[PDB]
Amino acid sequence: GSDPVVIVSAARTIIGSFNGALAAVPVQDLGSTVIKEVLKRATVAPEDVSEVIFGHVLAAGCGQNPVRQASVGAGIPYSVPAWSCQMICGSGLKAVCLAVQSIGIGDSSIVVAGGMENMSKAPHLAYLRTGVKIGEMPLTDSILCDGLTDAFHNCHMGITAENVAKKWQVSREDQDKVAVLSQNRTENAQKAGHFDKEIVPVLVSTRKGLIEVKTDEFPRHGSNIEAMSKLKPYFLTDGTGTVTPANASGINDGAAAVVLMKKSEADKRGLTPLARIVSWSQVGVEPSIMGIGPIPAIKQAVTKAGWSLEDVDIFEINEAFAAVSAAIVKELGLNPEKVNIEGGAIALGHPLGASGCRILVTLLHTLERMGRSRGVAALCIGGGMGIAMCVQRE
């Protein structure tokens, strides 16, 4: 307000496929990569950062405070506090909102906010301290257990997605159409070089030495409805299923970051920002339909901004499932030509902790590239939440 918080820089790694191009790279090295890069791009010295805040969901086995590791690995001094927040899929966006708060209230001057996740590296879990006298014991998958299973209904996110498909009447055919659209938009954007600016290469040691990874791995080029309609429903196999692997996102690795400060601090430094942050909201809804979280979230953020929905030029609405993104667009009555125009997570992938910031990074570069003005990033969150941010291009 008058001196709003602005985003000066924004970058992401490619999104790697499960057990794919980024699987050997610890999550904190993904974090370091984007942290170092956004500072570079903003021309901000690492010692001028007030704090680092990252979303990060599946942190088992990553060592003590992996954000701090990521921060220091980027060349930020030990003097700079660094910490993580978890709000499942919303975690990466929540990190940025939290920065908005510390800067707005006058506690931080410059913040590197973001999200990070290496799901390929998520371990299996065993409780061994008591000691099992006799009987089988599970090695539980932390991804499933901590990432993808609703704690209230003990069901996969994909089941909640079927609830939304049912209730918002998004057919199998609808979902496959959204999926094809998402895949084709991503392929068009890739070929047109639309992601080049936002991507920062990741360094990976191979048997044939060091390599740069700089193409998103998860897209399935040549996606078509005929192929997709042959697949069987994955979560719900009693003949009422609609969600398949083709119309859902995946398990993925990646990180993203943004540099934030006040407009006045940007002016003082001779920086022109990507955008100003106008508003944001977090809301709660029923776990059984967590997918529709962004509906109340968007309506509140947009309202808080003094906007009507028509005023929004571009939406990024996390595409965890076609069933959910379709339902959100249908209920709000959004123009699909304004929503996920470079494609969404069905094509690009969904590294839980990173996605909130990743879609923001994309949003901001899309707005910039198209010379459009007003954007909304939003995500549904397991357990029944939604988060949304309003940004306006300077």
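Just count from 1 along the sequence shown to find any residue number.
Review point. On average, which has the higher Cα B-factor in the deposited entry, 78 to 86 or 158 to 166?
Key: For C-alpha atoms only, the mean B-factor is higher in 158 to 166.
Exercise for review: Higher average CA B factor in the deposited record is what I'm after, so tell me if that's 110 to 118 or 232 to 240.
Suggested key: Stretch with the higher mean C-alpha B-factor: 232 to 240.
Review point. Whose C-alpha has the highest temperature factor in the PDB entry: 93, 255, 134, 259?
Key: By C-alpha B-factor in the record, 134 ranks first.
**Study point:** Peak C-alpha temperature factor (PDB record), options 358, 350, 330, 56
**Key:** If I rank 358, 350, 330, 56 by C-alpha B-factor, first place goes to 330.
Exercise for review: Consider only the C-alpha atoms of the modelled residues in this chain, order them by B-factor as the entry records it, and name the third containing residue 25: lowest, middle or highest.
Suggested key: Ranked within chain, residue 25 CA B lands in the middle tercile.
Check your understanding: Would the CA B-factor of residue 60 place it in the lowest, middle or highest third of its chain?
Key -> Ranked within chain, residue 60 CA B lands in the middle tercile.
Check your understanding: Relative to the other modelled residues in the chain, which third contains the C-alpha temperature factor of residue 100: lowest, middle or highest?
Key -> Lowest third.
Exercise for review: For residue 326, return the chain-relative third of its C-alpha B-factor as stated in the PDB record: lowest, middle or highest.
Suggested key: As the PDB entry reports it, the C-alpha B-factor of residue 326 lands in the highest third of its chain.
Check your understanding: Among the modelled residues of its chain, does the C-alpha B-factor of residue 246 lie in the lowest, middle or highest third?
Key -> Residue 246: CA B-factor falls in the highest third of its chain.
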